[PDB]
Every structure is written in C-alpha cells, then in structure tokens.
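Chains as they are written, first to last, in the working numbering: chain A, 7 to 338; chain B, 7 to 338. Note that the Cβ used here is the ideal one computed from N, Cα and C, for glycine as well. Down below is the structure, laid out as structure tokens.
Protein chains: 2
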Amino acid sequence: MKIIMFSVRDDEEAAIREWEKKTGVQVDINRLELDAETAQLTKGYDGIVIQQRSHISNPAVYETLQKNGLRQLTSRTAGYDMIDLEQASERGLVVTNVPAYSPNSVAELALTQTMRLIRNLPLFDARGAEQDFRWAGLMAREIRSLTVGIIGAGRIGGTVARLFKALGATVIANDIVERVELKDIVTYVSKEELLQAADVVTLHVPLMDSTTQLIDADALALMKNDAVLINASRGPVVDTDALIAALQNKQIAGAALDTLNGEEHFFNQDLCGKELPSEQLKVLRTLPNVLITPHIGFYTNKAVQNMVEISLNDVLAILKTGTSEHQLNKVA
Amino acid sequence: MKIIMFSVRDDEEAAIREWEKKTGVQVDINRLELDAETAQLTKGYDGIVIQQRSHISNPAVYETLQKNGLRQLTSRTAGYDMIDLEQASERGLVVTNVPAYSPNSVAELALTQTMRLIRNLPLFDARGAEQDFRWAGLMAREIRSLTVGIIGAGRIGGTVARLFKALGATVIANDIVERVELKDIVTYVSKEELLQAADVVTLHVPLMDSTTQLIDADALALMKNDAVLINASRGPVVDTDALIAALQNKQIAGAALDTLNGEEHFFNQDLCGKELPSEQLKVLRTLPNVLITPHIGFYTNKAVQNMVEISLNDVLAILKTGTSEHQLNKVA
Ligand SMILES: NC(=O)c1ccc[n+]([C@@H]2O[C@H](COP(=O)([O-])OP(=O)(O)OC[C@H]3O[C@@H](n4cnc5c(N)ncnc54)[C@H](O)[C@@H]3O)[C@@H](O)[C@H]2O)c1
Ligand SMILES: NC(=O)c1ccc[n+]([C@@H]2O[C@H](COP(=O)([O-])OP(=O)(O)OC[C@H]3O[C@@H](n4cnc5c(N)ncnc54)[C@H](O)[C@@H]3O)[C@@H](O)[C@H]2O)c1
C-alpha cells in the first residue's frame, strides 16, 4: 500500500520517512501542486495528501481522482478552503484536514519573543549597531518577578501558562471558561484586571466576531506603560491602528507580532525592493521596540511532524475504516 | 553611622535608598570612581563601597582610609581584581566583595539568547530587513527535542540546567565536581561526549589558567554542525579566532556571546563613529548567526539590588560586628 504526497518541503522529509518506517506504508513525495494536469499522477496510489493555498476548481480533478479510485482528498494544513467539498462529495471523495498540531510550537515562540523584550534586547541591538555598547538605563527583569497575562488560556494558551509558571513567573489568565487542569498554574481574572496587573500580555484566543479587535485602544490604555504585548494568535484580534498609536505615545513598552492585519499580502513573499502593501507594516518596521515574525510560530520539527503523521493516519483510517476523525464532508 | 558609595548608577539609586530607609544608616552617593583626592571623600564616613574596573596600587589612599577611620574596602561586584592584598590587610583595611548575586540574571540571558537561536530568529530578522518575508528553510526545534550541554554547572551553570530541564530539555553537564543536587536534573558526561551529543553548548566556568581556551580549535570541530555555542561566562574561555574560523566554515550553526576577548577596552563605551579595537570584534559583527551583548547577563532589578544590599550588609557587619562573610585578609 502507498500514498502520494504533493508540494513537499525539504523539512517535511525527515518526518515522512519516519512514518514510512513505522507503519510500513510506502509514501512518495513531489514538489508539485494539485491541478487537473498533475491529478493524473495519482494512478498507482491508494490515496493522496496535499498542501497549498491555491483554490482547486476544475472538476477534472475530483473526477480523475475518483477515476483512479482514491476515496479521499487530505490536507496537512488547518485550512480546507482550497478543496471543494461538494465536488469531493459527489466523487466519493472524503476530504480531511489537520487542525491541531503541537501547541508547543507557537508557545515556545511566545516565550522566546517575550524574553527578548524582557531583557530589553532590541534596544541593546540598536545601540550596538552603532557601536554604542553602553548599558545605561537598560536594566531588565527576571521572570519570577514578572506576572504574565494570558488571554485565551487554551490548548496553546494553557501550554504557554505552564511554560512560564515552570520558569518561576506568576501566571494570571482571562478566559470565558476555566480548565481545572490549569488550577495550580493560572489564577483566573477579568480582562480588566489582567491588563492592569500584567507585565506581559499574550493573546491566545481564536479569531471570532466575538474576539475580533479584543485589544482596543482603551484596553491598551489600561496596560502598564512598561508592559509588552505578545500576539501570536491572529492579526485582527488586535487593533493594528491603536497598537501603533499606543506605541508612539509610549502607552506601552513594546511588542512581539507573529501575525499582523493584512498579512496575506506580505508574509511569505519576496518583498525585497518591491513596495510594502500595508502602511502599518511600514510604520511598525520603523518602531524600535517592536519585533515581527512571518507567522512562523508553528514552524518547528515536532509541529511539521504532526501534520505529516496525522494527515497520513487520516488517509489510512479512511481506507481501512471509511471514516476519519477529521473529515469535513459526506458523499451521497 | 554613615557610608560613602561610589560609581553609583541611576538603576542603583532606588535600591540603595530603600536600604538607608531600612537600616537608618546614611549612605551618600556619587558617580565618582575612587582615585586620589577621593581619599578624604571618606572623611566623615565610616565605610566605603566601590564599583569600578580601574586598579588601585597607591598607598596614599590606603593610609587616608586608615586615618579617616575606615576599617574595610568593599566591592559591589564579584570582581576583586582591582584591589591590593598587601596594603589592604596592613592598613586596617579588610576587603570584601559580592561573590554571587542573583544567578537567574545570567541563566535567563543564556536561556533567551539560546531560544532566539533555536528559533532561527536572526536569519528571520535578517530576511525581514530585506523585506523577504519567506519562511522556507528556517524550521526550528522544540525544547523537549533538544539536548542542552552545560559546561560548568555551578551556581549559574546549575540554574541554567534546571531551567532547560523544566522546559523539557534533555540536559547533560560537564564539571570537575558533581553536585548531588543535580543528580536528577542532569547527566554528567565528559567534555568530548558533551560537545558531540549537544545541540546547545553553554559555558558557565570562571576564568582560570585551566579554563582559558577550553573551547579551542578541537572542541569546536567536535560539535554538531547544526549546534550553537553560548558564552555567558568569560571572554578568554573561547579561542576566538577558532570560533570565527568555525562559524565562517559552518562547522557550527551560530553563537551567542555575552562576553568577548578584551572586552574591557570596548564594551560599555560609545564607540559610535570611532574604529573598533578588536579585528576580532570587527569580524564577528559581520557574521549572520552570531549575537553579541556587552556582558549584560548580570543586569536586572534583582541582581542589582542584590549587589547593593549584600555589599552594605558586608559593611555594617564589619562595623557592628567586626567581621563579614566575603572578607579575605588579616590584621596588623
Ligand atoms: N502562531 C501560529 O502560527 C498559529 C498556529 C496555531 C494557532 N494559531 C492561533 O492561536 C489560537 C489558537 O487557539 P487554540 O487552538 O490554541 O485554543 P482553543 O481553540 O482551545 O481556544 C482558545 C481559548 O481562547 C478562549 N477564548 C475564546 N473567546 C475569548 C474571549 N472572547 N476572551 C477571552 N478568551 C476567550 C477560549 O475559551 C479558549 O479556551 C488561534 O487564534 C489560532 O488562530 C496561531
Ligand atoms: N554574564 C555576566 O554578566 C557575568 C555575571 C555573573 C557571572 N559571570 C561569570 O559566570 C561564571 C560564573 O560562575 P558561577 O558563580 O555561576 O558558578 P561557580 O562559581 O559555583 O563555579 C562554576 C562551575 O564551573 C565549574 N568549573 C571550574 N573549572 C571548570 C573546569 N576547568 N572545566 C569544567 N568546568 C569547571 C566549577 O566546578 C563550578 O561548579 C564566571 O565565569 C563569571 O565570570 C558572568
């Protein structure tokens, strides 16, 4: 038995071949995408796994698969928006995703980013660019003496607290629901209390109408002038404009942004001396106190492995059983 | 009682005054370093404490300090290097320092700078200045998925391990004496086992005829090619030409330096516009994967206040007691 995998990265390769071993299933990789040309490559295969943003329209695809008799179309990413569920449905194609990869990936990036700001490192690095090596006024703090606010103590949000609690810090959290598992880890508080008490605020909530622009300028108002803002979740959870405003005015210390508003038109593109599409991107990259990362929180050996492992196991289940825990569709 | 304090900084003032308040002992300050007419500066004062690099061999201070009634000379840093041993014990002058201030200051810097590197942040940042927002090739690693080598698991060395331990790292150490307190937290290995097994290699030893060039041409060629080195201890510890040759030739992946060869002559000075003393420093600033900080490991609220409290309670001891912990010398 064998699976074909598309659009495979060089960093995914280690993880696939570990799973090839484990299950004794043979998997074949290529660097293509799925289009009606390349669908013909499914010929000798019992199933397929893809990765891409490209919306796949042409019914010749779902036909061709069904014609070589694949019973599913699997995506290793969280998003399915490029697969047409109806089209899969009528072709006897069950389509699955991989929503949850290791919550540690993002977490340790929240940690790294935070520590840097805590040590005042971007300012050292600035001074030291010009060979001012003086340390005047840059005295920093120890984590045990910090109180870390977490909004959305989640799968991730929860992992984050656990990290910091372990480092010796003091962890408070704002959440609409309390987990008992976090009982010795966070003290639960209202958003208004957290913002007031917290040296570091880190946003782990999902992006909903509920949470969109949860950080509004009166929430930034509420924060300590020397406190920092860490957003690893989703760009729109934050008011990009109020952020900038607060920063300039020194309402808060600085920030780490892994995700920004309007990033679909910048992160993961070669902008090298093209022009920047976001006036905010342009204004934030000119702020000294602010770090930015291309929504790479996820991107780690163990996280890539999950997407590789899970997405493949979903392929097996559909084949042996006919059902996967991750399936988004029906057939007839 | 009253005590004169020297070379004081803005960061120290708040921590000092709190002590004055606490003990009712009056400490008068100044940004002066102790040299010559600074002798009588001790006039009304019953004790003196200093923070400086500049050495003092001249007896026209010591007799003054004897006559002015000062029974001691106390340093607020761990360094005693600038003090005379003959003149001290004979002039009526005891000499105490602070051997250890908060160990988490230094530990947490190496944890930060390590985490930064594990996450490929310098390469990401480098790309983001080009406005190249692509993440392809930058995959990072989880802490659990790493083996952290500690050379010198001492006060600081051992704090580092507990940390990386808590965050789930497999942690191995190298020391000439093994603490039982670390039996559970670490696995003791030899230097050559360590350099070969570990992804992160962090140095905690003191500068000694023994440790000087512990990381040498050979030690570096032993390390994983994907590994990183973190030197938070002392410049001489690493053979800096070898380190450069090794980053240059990609023998290791990156490095993080809080101390460098001959730092006394560059670190903590505004060299903006001036030429750099070490070609060693010149060259290291152009290597991508390398991170340099001006010996800011110690520098945090707790560690500063530690220095101040301790040193003054070393003085009030040698007055209200006649003896103190960290003193080394005899009498007339
Ligand atoms: N950094 C990356 O590369 C990327 C990858 C993984 C996760 N994502 C993001 O991180 C977040 C992940 O959420 P999750 O799967 O870890 O946990 P989760 O889905 O279990 O839910 C998160 C927590 O946030 C809480 N929250 C919801 N409403 C909020 C309310 N309005 N205010 C207070 N908090 C409430 C929820 O109760 C929940 O417990 C998402 O926003 C997701 O977009 C980032
Ligand atoms: N980064 C900063 O700003 C600054 C501030 C604090 C500490 N300092 C430095 O960090 C180090 C601190 O040492 P410490 O006080 O934390 O611990 P420590 O004084 O208790 O001793 C350190 C450990 O290193 C070990 N070591 C000694 N010889 C070495 C041998 N030759 N090879 C293997 N390891 C052996 C010792 O056994 C000891 O356990 C010093 O070098 C000091 O200079 C850095």
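Limits of the unbroken beta strand (DSSP E) element including residue i
i      : result
A/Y194 : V192 to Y194
A/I157 : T153 to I157
B/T80  : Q78 to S81
B/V33  : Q32 to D34
A/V177 : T176 to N180
A/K8   : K8 to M11
B/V101 : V100 to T102
Endpoints, alpha helix (DSSP H) assigned at residue i
i                      : result
B/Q119                 : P109 to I124
B/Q58                  : Unbroken run through B/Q58: none, as it is neither H nor E.
A/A323                 : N307 to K326
B/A167                 : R161 to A172
A/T44                  : It is not in any alpha helix (DSSP H) - A/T44 carries neither H nor E in the DSSP assignment.
A/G260                 : Counting along the chain, A/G260 falls outside any alpha helix (DSSP H), though it belongs to the beta strand (DSSP E) covering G260 to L263.
B/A21                  : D16 to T29
B/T70                  : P65 to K73
residue 340 of chain B : Beyond the ends of chain B as shown, which are 7 and 338, falls residue 340 of chain B; an answer cannot be given.
Residues of its chain near residue i, where Cβ-Cβ distance is below 6 Å and the 5 sequence neighbours each way are ignored
i                      : result
B/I89                  : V101
B/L263                 : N237 and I298
A/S81                  : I56 and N103
residue 2 of chain B   : It is not possible to answer for residue 2 of chain B, since the shown part of chain B is limited to 7 through 338.
A/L209                 : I157, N237, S239 and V243
B/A45                  : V67 and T70
B/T120                 : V206 and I236
residue 340 of chain B : The displayed coordinates of chain B run from 7 to 338. Any statement about residue 340 of chain B would go beyond what the structure contains.
B/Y107                 : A309, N312 and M313
8 Å CB neighbourhood of residue i in its chain, flanking five on each side removed
i      : result
A/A248 : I221, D222, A223 and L226
B/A233 : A204, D205, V206, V207, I258 and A259
A/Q72  : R97, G98 and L99
B/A132 : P294
B/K171 : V177, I191 and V192
B/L228 : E198, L201 and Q202
B/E331 : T102, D320 and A323
Closest Cα partner of residue i within the set the options
i      : options                           : result
B/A94  : B/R77, B/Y107, B/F273 and B/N307  : B/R77
B/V33  : B/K49, B/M7 and B/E43             : B/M7
A/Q311 : A/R161, A/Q46 and A/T83           : A/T83
B/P105 : B/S284, B/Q286, B/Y86 and B/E39   : B/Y86
A/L127 : B/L129, B/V154, B/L115 and B/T218 : B/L115
A/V166 : A/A66, A/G303 and A/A323          : A/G303
B/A159 : B/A338, B/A179 and B/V243         : B/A179
A/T306 : A/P283, A/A113 and A/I157         : A/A113
A/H301 : A/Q286, A/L287 and A/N274         : A/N274
A/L290 : A/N267, A/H271, A/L40 and A/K308  : A/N267
A/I156 : A/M121, A/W141, A/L38 and A/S196  : A/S196
B/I182 : B/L38, B/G163 and B/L282          : B/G163
A/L152 : A/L287, A/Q333 and A/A175         : A/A175
A/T265 : A/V211, A/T292, A/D215 and A/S216 : A/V211
B/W141 : A/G241, A/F272 and A/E92          : A/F272
B/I35  : B/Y107, B/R168 and B/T48          : B/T48
B/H61  : B/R23, B/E270, B/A309 and B/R168  : B/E270
A/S284 : A/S216, A/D41, A/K336 and A/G241  : A/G241
Close-in-space but distant-in-sequence residues of the same chain around residue i (CB under 7 Å, 5 per side omitted)
i      : result
A/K256 : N231
B/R147 : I124
B/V321 : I9, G53, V55, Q78 and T80
B/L173 : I149
A/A252 : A223, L226 and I258
B/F130 : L144
B/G75  : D52
A/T329 : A323
Where residue i meets chain C, residues with beta-carbon distance less than 8 Å
i      : result
A/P300 : In summary, chain C is missing from the structure at hand, where the protein chains are A and B.
**Prompt:** Taking only runs of the beta strand (DSSP E) that begin and end inside the segment 193-251 of chain B, which ones reach a length of at least 3 residues, in chain order?
**Reply:** If one requires a minimum length of 3 residues, the beta strand (DSSP E) runs lying completely within the segment 193-251 of chain B are 206-209 and 234-237, in chain order.
**Prompt:** Can at least three beta-carbon pairs, one atom from the segment 129-149 of chain A and one from the segment 277-292 of chain B, be found at a separation below 8 Å?
**Reply:** yes
**Message:** Check whether the segment 21-35 of chain B and the segment 305-325 of chain A are in contact - that is, three or more C-beta pairs closer than 8 Å.
**Reply:** no
**Request:** Say whether the segment 57-67 of chain A touches the segment 8-26 of chain A, bearing in mind that this needs 3 or more beta-carbon pairs closer than 8 Å, one atom from each stretch.
**Result:** yes
**Request:** For the segment 174-189 of chain B and the segment 8-15 of chain B, state whether three or more C-beta atom pairs, one from each stretch, are separated by less than 8 Å.
**Result:** no
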